[PDB]
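Colleague: If it helps, the file is called start_21.cif and holds mmCIF, C-alpha atoms and all ligand atoms:
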```cif
data_query
loop_
_atom_site.label_atom_id
_atom_site.label_comp_id
_atom_site.auth_asym_id
_atom_site.auth_seq_id
_atom_site.Cartn_x
_atom_site.Cartn_y
_atom_site.Cartn_z
CA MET A 1 0.00 0.00 0.00
CA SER A 2 2.70 2.47 1.07
CA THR A 3 3.73 4.87 -1.69
CA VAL A 4 7.12 5.39 -0.05
CA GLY A 5 7.51 1.66 0.56
CA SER A 6 6.93 0.62 -3.05
CA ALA A 7 9.00 3.47 -4.49
CA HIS A 8 12.12 2.28 -2.67
CA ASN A 9 11.17 -1.42 -2.78
CA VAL A 10 11.26 -1.66 1.01
CA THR A 11 11.66 -5.18 2.41
CA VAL A 12 11.15 -6.01 6.09
CA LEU A 13 12.62 -9.19 7.57
CA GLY A 14 12.98 -10.81 10.99
CA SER A 15 11.84 -9.30 14.28
CA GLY A 16 13.11 -7.49 17.37
CA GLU A 17 12.82 -4.27 19.37
CA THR A 18 15.82 -2.85 17.52
CA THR A 19 15.70 -2.22 13.77
CA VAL A 20 18.70 -2.57 11.49
CA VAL A 21 18.42 -0.44 8.35
CA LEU A 22 20.46 -1.54 5.32
CA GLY A 23 21.42 0.98 2.64
CA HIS A 24 23.33 0.34 -0.57
CA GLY A 25 25.85 2.25 -2.69
CA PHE A 26 25.92 3.49 -6.27
CA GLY A 27 25.52 0.91 -9.03
CA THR A 28 23.86 -1.73 -6.88
CA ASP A 29 20.72 -2.26 -4.79
CA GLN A 30 19.49 -3.97 -1.62
CA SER A 31 20.44 -7.37 -3.07
CA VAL A 32 24.03 -6.46 -2.15
CA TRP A 33 23.14 -7.35 1.46
CA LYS A 34 22.05 -10.95 0.83
CA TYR A 35 24.94 -12.45 2.80
CA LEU A 36 24.40 -10.27 5.88
CA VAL A 37 20.62 -10.61 6.29
CA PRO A 38 20.29 -14.25 7.48
CA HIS A 39 22.63 -13.42 10.37
CA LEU A 40 20.43 -10.57 11.63
CA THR A 41 16.80 -11.64 11.30
CA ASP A 42 16.85 -13.71 14.51
CA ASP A 43 17.87 -10.78 16.71
CA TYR A 44 16.76 -7.73 14.72
CA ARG A 45 13.98 -6.38 12.56
CA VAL A 46 15.73 -5.80 9.25
CA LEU A 47 14.65 -3.10 6.81
CA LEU A 48 16.17 -2.86 3.33
CA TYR A 49 15.52 -0.11 0.80
CA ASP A 50 16.68 0.99 -2.64
CA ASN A 51 18.04 4.47 -3.31
CA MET A 52 15.91 6.45 -5.75
CA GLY A 53 17.65 6.20 -9.11
CA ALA A 54 18.68 2.57 -8.70
CA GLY A 55 17.81 0.27 -11.61
CA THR A 56 15.07 -1.32 -9.51
CA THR A 57 13.21 1.98 -9.05
CA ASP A 58 10.78 3.90 -11.26
CA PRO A 59 12.77 6.40 -13.40
CA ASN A 60 9.76 8.73 -13.45
CA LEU A 61 10.20 9.17 -9.70
CA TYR A 62 13.76 10.42 -10.11
CA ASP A 63 13.51 14.18 -9.57
CA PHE A 64 16.71 15.37 -11.24
CA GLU A 65 16.76 18.65 -9.28
CA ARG A 66 15.78 17.18 -5.91
CA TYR A 67 18.44 14.49 -6.29
CA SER A 68 21.05 16.96 -7.53
CA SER A 69 21.87 17.37 -3.85
CA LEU A 70 22.67 14.71 -1.25
CA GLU A 71 19.99 16.16 1.03
CA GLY A 72 17.32 14.97 -1.41
CA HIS A 73 18.14 11.34 -0.65
CA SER A 74 18.20 12.18 3.06
CA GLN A 75 14.56 13.24 2.86
CA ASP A 76 13.73 9.89 1.27
CA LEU A 77 15.41 7.94 4.07
CA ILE A 78 13.65 9.92 6.80
CA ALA A 79 10.31 9.31 5.07
CA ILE A 80 11.01 5.57 4.89
CA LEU A 81 11.91 5.42 8.58
CA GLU A 82 8.77 7.35 9.55
CA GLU A 83 6.52 5.25 7.30
CA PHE A 84 7.70 1.99 8.87
CA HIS A 85 7.76 3.32 12.45
CA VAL A 86 11.53 3.17 12.92
CA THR A 87 13.21 4.90 15.86
CA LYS A 88 16.82 4.80 17.10
CA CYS A 89 17.81 2.35 14.38
CA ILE A 90 21.18 0.79 13.71
CA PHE A 91 21.84 2.22 10.26
CA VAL A 92 24.17 0.08 8.17
CA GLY A 93 24.96 2.07 5.04
CA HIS A 94 27.17 1.13 2.12
CA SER A 95 29.07 4.02 0.52
CA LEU A 96 26.56 6.64 -0.66
CA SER A 97 23.79 5.58 1.73
CA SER A 98 26.19 5.88 4.67
CA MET A 99 26.66 9.58 3.95
CA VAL A 100 22.90 9.88 3.43
CA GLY A 101 22.34 8.35 6.86
CA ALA A 102 25.01 10.58 8.40
CA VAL A 103 23.31 13.73 7.12
CA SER A 104 19.90 12.34 8.09
CA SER A 105 21.09 11.66 11.64
CA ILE A 106 21.83 15.37 12.03
CA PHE A 107 18.29 16.35 10.99
CA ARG A 108 16.64 13.55 12.97
CA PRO A 109 18.68 12.22 15.93
CA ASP A 110 15.55 10.36 17.10
CA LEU A 111 15.64 8.02 14.10
CA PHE A 112 19.26 6.94 14.55
CA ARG A 113 21.18 5.34 17.42
CA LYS A 114 24.43 4.66 15.56
CA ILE A 115 25.84 4.14 12.07
CA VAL A 116 27.87 1.29 10.63
CA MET A 117 29.39 2.45 7.35
CA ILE A 118 31.14 0.52 4.59
CA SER A 119 33.44 2.19 2.05
CA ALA A 120 32.26 5.61 3.22
CA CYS A 121 33.58 8.74 1.51
CA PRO A 122 32.87 12.37 2.54
CA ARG A 123 34.54 13.74 -0.61
CA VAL A 124 35.89 12.07 -3.75
CA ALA A 125 38.45 14.64 -4.90
CA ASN A 126 41.68 15.47 -3.08
CA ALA A 127 42.10 18.72 -1.18
CA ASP A 128 44.61 20.27 1.17
CA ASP A 129 45.35 17.83 4.01
CA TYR A 130 42.61 15.58 2.64
CA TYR A 131 43.42 12.59 0.46
CA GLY A 132 40.47 11.17 -1.47
CA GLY A 133 42.58 9.21 -3.94
CA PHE A 134 41.74 11.33 -6.98
CA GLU A 135 42.73 14.79 -8.17
CA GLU A 136 39.81 17.15 -8.72
CA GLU A 137 40.51 17.91 -12.39
CA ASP A 138 40.94 14.20 -13.06
CA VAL A 139 37.50 13.57 -11.56
CA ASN A 140 36.03 16.26 -13.82
CA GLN A 141 37.60 14.79 -16.95
CA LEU A 142 36.43 11.30 -16.03
CA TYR A 143 32.88 12.60 -15.62
CA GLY A 144 33.05 14.33 -18.99
CA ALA A 145 34.21 11.11 -20.64
CA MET A 146 31.32 9.30 -18.96
CA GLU A 147 28.99 11.66 -20.82
CA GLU A 148 30.49 11.12 -24.28
CA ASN A 149 30.89 7.34 -24.05
CA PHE A 150 28.70 6.04 -21.20
CA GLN A 151 28.92 2.38 -22.23
CA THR A 152 32.72 2.04 -22.23
CA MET A 153 33.19 4.05 -19.02
CA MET A 154 30.61 1.99 -17.15
CA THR A 155 32.22 -1.15 -18.57
CA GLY A 156 35.54 -0.17 -17.01
CA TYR A 157 33.94 1.17 -13.83
CA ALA A 158 32.71 -2.27 -12.76
CA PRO A 159 36.15 -3.91 -12.42
CA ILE A 160 37.43 -0.83 -10.57
CA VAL A 161 34.60 -1.14 -8.05
CA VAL A 162 34.68 -4.91 -7.57
CA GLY A 163 38.47 -4.71 -7.41
CA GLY A 164 41.43 -7.08 -7.52
CA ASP A 165 40.95 -10.21 -9.57
CA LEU A 166 38.76 -11.30 -11.35
CA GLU A 167 35.65 -12.44 -13.30
CA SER A 168 33.79 -13.41 -10.14
CA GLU A 169 30.46 -13.35 -8.33
CA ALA A 170 30.51 -9.66 -7.44
CA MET A 171 31.88 -8.76 -10.87
CA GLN A 172 29.00 -10.13 -12.94
CA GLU A 173 26.39 -9.12 -10.36
CA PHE A 174 27.52 -5.51 -9.92
CA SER A 175 27.86 -5.15 -13.68
CA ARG A 176 24.29 -6.41 -14.05
CA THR A 177 22.84 -3.92 -11.58
CA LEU A 178 25.04 -1.11 -12.92
CA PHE A 179 23.57 -1.39 -16.42
CA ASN A 180 19.98 -1.62 -15.21
CA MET A 181 20.15 2.09 -14.39
CA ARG A 182 18.92 4.61 -16.94
CA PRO A 183 22.07 6.31 -18.34
CA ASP A 184 20.95 9.90 -17.64
CA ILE A 185 19.94 8.95 -14.10
CA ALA A 186 23.26 7.22 -13.39
CA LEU A 187 25.04 10.27 -14.79
CA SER A 188 23.03 12.49 -12.45
CA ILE A 189 23.98 10.46 -9.38
CA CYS A 190 27.69 10.53 -10.28
CA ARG A 191 27.51 14.30 -10.73
CA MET A 192 25.97 14.61 -7.27
CA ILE A 193 28.43 12.15 -5.72
CA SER A 194 31.55 13.73 -7.24
CA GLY A 195 30.10 17.09 -6.24
CA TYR A 196 29.37 16.81 -2.53
CA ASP A 197 31.66 17.63 0.40
CA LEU A 198 30.68 16.50 3.90
CA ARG A 199 33.97 17.51 5.55
CA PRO A 200 32.60 20.68 7.18
CA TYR A 201 29.62 18.70 8.50
CA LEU A 202 31.53 15.75 9.98
CA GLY A 203 31.80 17.42 13.38
CA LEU A 204 28.01 17.63 13.49
CA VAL A 205 27.64 13.86 13.22
CA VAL A 206 27.53 13.03 16.92
CA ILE A 207 26.08 9.51 17.07
CA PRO A 208 28.51 6.54 17.20
CA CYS A 209 30.01 5.68 13.80
CA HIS A 210 31.56 2.32 12.96
CA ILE A 211 33.93 2.88 10.03
CA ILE A 212 34.49 -0.23 7.93
CA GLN A 213 36.34 -0.53 4.62
CA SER A 214 38.60 -2.85 2.64
CA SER A 215 42.36 -2.39 2.83
CA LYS A 216 42.51 -2.02 -0.95
CA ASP A 217 39.58 0.04 -2.23
CA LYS A 218 40.52 2.02 -5.34
CA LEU A 219 37.55 4.31 -4.73
CA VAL A 220 38.25 4.76 -1.02
CA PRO A 221 41.86 4.84 0.26
CA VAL A 222 42.60 3.87 3.88
CA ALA A 223 43.40 7.52 4.64
CA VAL A 224 39.71 8.34 4.19
CA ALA A 225 38.69 5.98 7.01
CA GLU A 226 41.35 7.54 9.24
CA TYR A 227 40.07 11.00 8.32
CA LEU A 228 36.51 10.11 9.34
CA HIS A 229 37.75 8.57 12.60
CA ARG A 230 39.42 11.86 13.46
CA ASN A 231 36.76 14.33 12.30
CA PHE A 232 33.50 12.69 13.39
CA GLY A 233 31.82 14.64 16.18
CA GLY A 234 31.10 11.74 18.51
CA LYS A 235 32.30 8.19 19.12
CA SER A 236 33.94 6.29 16.26
CA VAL A 237 35.91 3.12 15.53
CA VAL A 238 37.83 1.81 12.51
CA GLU A 239 38.34 -1.73 11.22
CA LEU A 240 39.95 -2.58 7.89
CA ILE A 241 39.00 -5.69 5.93
CA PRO A 242 41.98 -7.64 4.54
CA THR A 243 40.50 -7.78 1.04
CA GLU A 244 40.19 -5.89 -2.25
CA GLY A 245 37.28 -3.92 -3.67
CA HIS A 246 34.49 -1.45 -2.98
CA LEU A 247 31.88 -4.11 -2.16
CA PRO A 248 33.50 -6.43 0.40
CA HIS A 249 30.12 -7.50 1.79
CA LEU A 250 29.40 -9.02 -1.62
CA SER A 251 32.85 -9.91 -2.97
CA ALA A 252 34.24 -11.35 0.27
CA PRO A 253 31.34 -12.18 2.63
CA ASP A 254 33.24 -14.85 4.59
CA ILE A 255 35.52 -12.23 6.15
CA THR A 256 33.30 -9.14 5.86
CA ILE A 257 30.02 -10.36 7.37
CA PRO A 258 31.56 -11.42 10.71
CA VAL A 259 33.08 -7.94 11.02
CA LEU A 260 29.74 -6.28 10.24
CA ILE A 261 27.92 -8.47 12.77
CA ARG A 262 30.42 -7.55 15.49
CA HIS A 263 30.19 -3.79 14.93
CA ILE A 264 26.40 -4.00 14.75
CA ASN A 265 26.21 -5.75 18.12
CA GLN A 266 29.13 -4.05 19.88
CA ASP A 267 28.92 -0.54 21.33
CA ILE A 268 31.85 1.87 21.53
CA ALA A 269 32.67 2.63 25.17
CA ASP A 270 32.67 6.16 26.61
CA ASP A 271 35.63 8.63 26.39
CL CL A 301 29.03 4.62 -4.11
MG MG A 302 8.68 -0.91 -6.16
#
```
Could I get this structure in the form of structure tokens?
Modeller:
Amino acid sequence: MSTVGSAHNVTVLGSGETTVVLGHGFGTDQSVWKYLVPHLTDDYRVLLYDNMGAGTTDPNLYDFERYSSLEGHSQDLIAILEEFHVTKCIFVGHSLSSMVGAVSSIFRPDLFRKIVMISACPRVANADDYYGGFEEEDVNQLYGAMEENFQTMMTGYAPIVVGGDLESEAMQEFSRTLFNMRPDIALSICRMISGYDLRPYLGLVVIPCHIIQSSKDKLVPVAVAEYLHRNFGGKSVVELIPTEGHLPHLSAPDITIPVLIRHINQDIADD
């Protein structure tokens, strides 16, 4: 029945007095969490949702101006949480959604208890005393090339995301979900992503943040995780996954899922 629920393909699993909210990153959808879910449903109510613009969502619902800013997705998340009666959730966000949840937690502290983030990135391009892994003008040229030849850029983007070797599970699956997006919509999201800068707002994120990422993510260098750990306003903790790629929860579940389970269940002590 819910308009908001069907628009983001919301799925509710398990049961419990605490709700775990699962968000996904660019190029994929809530199916990226298939390895984590069966380990949560016994102890938690689990809510999954798709970002607006994902290949699984209605392209007519993608407001290009409203989603030109990160705050537009934040409004969506808050609406989803309200619609399904979610308070003080454990938000587990992958990449983009993690920053969406971070911003949302500032607007609505009541909806969030803490955040577990995977491959989080407050800013893509490098700046002074901030290392994002990419020079700003290089990012701009890569975006421009993505406009001219979308197919070939997206074709090369998939191995970069999945990382390391090789033709694998995550490779074919991420490539599948990546090409289910409408080209102009995917271009819009990348423009927004490469455009935002959460660095001045990091001190305002005051709820506990669990910072998780792979030791070899081409999109997110280790320095980014260490930057978040230092600039977050409240409690924070960092754990690196000894693997390659941007989607460790899909590419290497055997070593990633146990880490996610721990940080979901464990609370950072005071000080
Ligand atoms: Cl992303
Ligand atoms: Mg739907």
Colleague: Step by step, measure atom-to-atom distances between ligand MG 302 (chain A) and each residue using only C-alpha atoms and all ligand atoms, keep those at most 6 Å, then write them as a list in words.
Modeller: residues 6, 7, 8 and 9 of chain A
Colleague: Restricting the calculation to only C-alpha atoms: of A:245, A:117, A:104, A:261, which residue gets closest to residue A:158?
Modeller: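 For residue A:158, the nearest of the given residues is A:245.
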Colleague: Any residue with an atom at most 12 Å from ligand CL 301 (chain A) counts, using all atoms listed in the file. Which are they? Put them as number ranges by chain.
Modeller: A: 23-29, 51, 54, 93-100, 117-124, 157-158, 160-162, 174, 178, 186, 189-194, 217-220, 245-247
Colleague: Here is a test: counting only C-alpha atoms, which residue of A:4, A:36, A:154, A:61 is nearest to residue A:248?
Modeller: A:36
Colleague: Figure out the distance between atom CA of residue A:209 and atom CA of residue A:10, please, to one decimal in Å.
Modeller: 23.9 Å
Colleague: So which one's closest to residue A:133, A:221, A:205, A:13, A:228? Using all atoms listed in the file, please.
Modeller: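 Of the candidates, the smallest distance to residue A:133 is held by A:221.
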Colleague: Would you work out the distance separating atom CA of residue A:92 from atom CA of residue A:164, expressed in Å to one decimal?
Modeller: 24.4 Å
Colleague: Considering all atoms listed in the file, state which residue in the set A:111, A:259, A:139, A:89 is at the smallest distance from residue A:46.
Modeller: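 Nearest to residue A:46: A:89.
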Colleague: Find the spatial neighbours of stretch 63-66 of chain A, counting only C-alpha atoms, within a cut-off of 12 Å - ignore same-chain residues fewer than 4 positions away - and output them as a list in words.
Modeller: residues 52, 53, 58, 59, 70, 71, 72, 73, 74, 75, 76, 184, 185, 186, 187, 188, 189, 191 and 192 of chain A
Colleague: Quick one: residues within 7 Å of residue A:131, all atoms listed in the file, excluding same-chain residues fewer than 2 positions away - as a PyMOL selection string?
Modeller: chain A and resi 126-127+129+133+223-224
Colleague: Pick the closest to residue A:243 from A:79, A:202, A:255, A:116: which is it, counting only C-alpha atoms?
Modeller: A:255
